[PDB]
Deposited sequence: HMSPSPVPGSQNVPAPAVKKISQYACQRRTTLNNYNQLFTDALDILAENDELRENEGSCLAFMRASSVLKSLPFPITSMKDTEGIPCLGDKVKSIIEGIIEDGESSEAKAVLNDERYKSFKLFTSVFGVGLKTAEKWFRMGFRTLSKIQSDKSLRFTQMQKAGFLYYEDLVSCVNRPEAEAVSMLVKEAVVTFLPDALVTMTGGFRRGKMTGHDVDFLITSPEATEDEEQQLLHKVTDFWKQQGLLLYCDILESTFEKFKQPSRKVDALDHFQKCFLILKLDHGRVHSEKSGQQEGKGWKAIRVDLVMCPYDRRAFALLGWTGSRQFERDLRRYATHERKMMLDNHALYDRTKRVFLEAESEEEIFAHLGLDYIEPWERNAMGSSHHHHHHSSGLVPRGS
């Protein structure tokens, strides 16, 4: 029996149903663009469960006993079995609004509202947007356009490792006891990513020292000429607040969204140009006692996190977010030194990071 929850499934990167899930992911993305939250969620849960299968679907009989597969989803699977393609996903790929939204939001600093605004102005290409003399761009969008080609190219593991070295070298200069962990997709075993994310924590730093680290590290990189873009969001973390009730919980830890200059010489790969590459990097600083909750939240995937929080609420009467775990029956906050302890508190078998690709 396959569970309806991604947190009770092992989802590895050997996806045997990419033909089905690529189509479901496109339909889910279109429903996000069309602001249809419900239809989006149904396609995301169906795609997620098929990603967990240890075999490819080759007939409709193979879908028996699989949860999260409604009639609409089963019609899409049937169509792919029939001709090897999804007519529904093909129509989304050829839709002008979908194409514009994907293209415009591929720029760093451009979200749903700006993409919609540009579309309703009649823009269809990034060339026409950039060269327009009436348009006004945010500092984030300026960086997004300036380093577009580098940011649209996939970050590989030798590059992520080169960034990790830079992060660790800068961090230990100001906090020598600090623990730096690469999170996101690369922690889950992915070969590529659009960015490189890190969690930083220190067992001996004060509240002030931990607040100043991201400012010190970014000033050091600015001095070294490696900081191409920097936005530091101060913490809004509340030590004694109950965890979030929301479907998608907000992270209140101090964080920064960066673009770093990665010199080619620092990358130790199998393999020209300007000799450097712009890399999107996110840094998160958390208090030492909350490191397991933050690690669990930042490792992902987004679907794994949604189902973890849904399972905690609906099955265990517990409240989980990136900062804490609260037991509503015992009326106590639950402590954890590792992700394993969080899973044990929830009554879940431990799911390895490479098994969280839901």
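Comparing the deposited sequence against the modelled residues, what ranges come up empty for C-alpha? Comparing the full sequence with the modelled residues, the uncovered ranges come out as 1-19, 291-294, 382-400.
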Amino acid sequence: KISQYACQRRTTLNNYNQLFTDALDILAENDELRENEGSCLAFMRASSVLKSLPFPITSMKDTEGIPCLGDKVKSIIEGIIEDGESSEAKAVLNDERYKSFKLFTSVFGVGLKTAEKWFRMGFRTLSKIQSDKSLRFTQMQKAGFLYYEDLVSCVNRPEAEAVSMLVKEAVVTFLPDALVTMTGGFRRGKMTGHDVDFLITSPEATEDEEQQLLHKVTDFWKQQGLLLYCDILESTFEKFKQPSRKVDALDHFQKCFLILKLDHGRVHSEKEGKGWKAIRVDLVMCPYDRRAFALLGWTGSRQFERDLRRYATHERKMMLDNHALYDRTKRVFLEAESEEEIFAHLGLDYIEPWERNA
From here on, numbers count along this sequence of modelled residues.
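In this text, rigid core is short for the largest set of C-alphas that superpose within 1.5 Å between two forms.
Which is farther from the shown form in 7 other deposited structures of this protein in C-alpha RMS with the core fitted, 34-42 or 324-332? Clearly, after the core fit, the stretch farther away in 7 other deposited structures of this protein is 34-42.
For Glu96, do at least a third of the other compared PDB entries give no atomic coordinates? Looking at the other entries that model residues on either side of it, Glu96 is present in every one.
Looking across the other entries that model both neighbours, is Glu272 missing in at least a third? Comparison shows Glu272 dropped in at least a third of the other entries.
Per the entry, higher mean C-alpha B factor between 233-241 and 138-146: Stretch with the greater average CA B-factor: 233-241.
Quick one: say whether 152-160 or 168-176 has the higher mean Cα B-factor in the deposited entry. It is 168-176.
Using only the C-alpha B-factors in the record, can you name which of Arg280, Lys246, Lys190, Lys102 has the highest? Out of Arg280, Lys246, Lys190, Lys102, the record gives the largest C-alpha B-factor to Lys246.
Compare the CA B factors listed in the entry for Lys51, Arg290, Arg309, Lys61 and report the winner. Among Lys51, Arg290, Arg309, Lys61, the highest C-alpha B-factor in the entry belongs to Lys61.
For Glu305, return the chain-relative third of its C-alpha B-factor as stated in the PDB record: lowest, middle or highest. According to the entry, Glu305 has a C-alpha B-factor in the chain's lowest third.
Divide the modelled residues of the chain into thirds by Cα B-factor and specify which third, lowest, middle or highest, holds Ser131. Tercile = lowest for this residue's CA B-factor.
Within this chain, which third does the Cα B-factor at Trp221 fall in: lowest, middle or highest? For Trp221, whose C-alpha B-factor we compare with every modelled residue in the chain, the answer is the highest third.
Test of reading the entry: by CA B factor among the chain's modelled residues, which third contains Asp327? As the PDB entry reports it, the C-alpha B-factor of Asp327 lands in the middle third of its chain.
Lowest, middle or highest third: where is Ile76 by Cα B-factor in its chain? As the PDB entry reports it, the C-alpha B-factor of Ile76 lands in the middle third of its chain.
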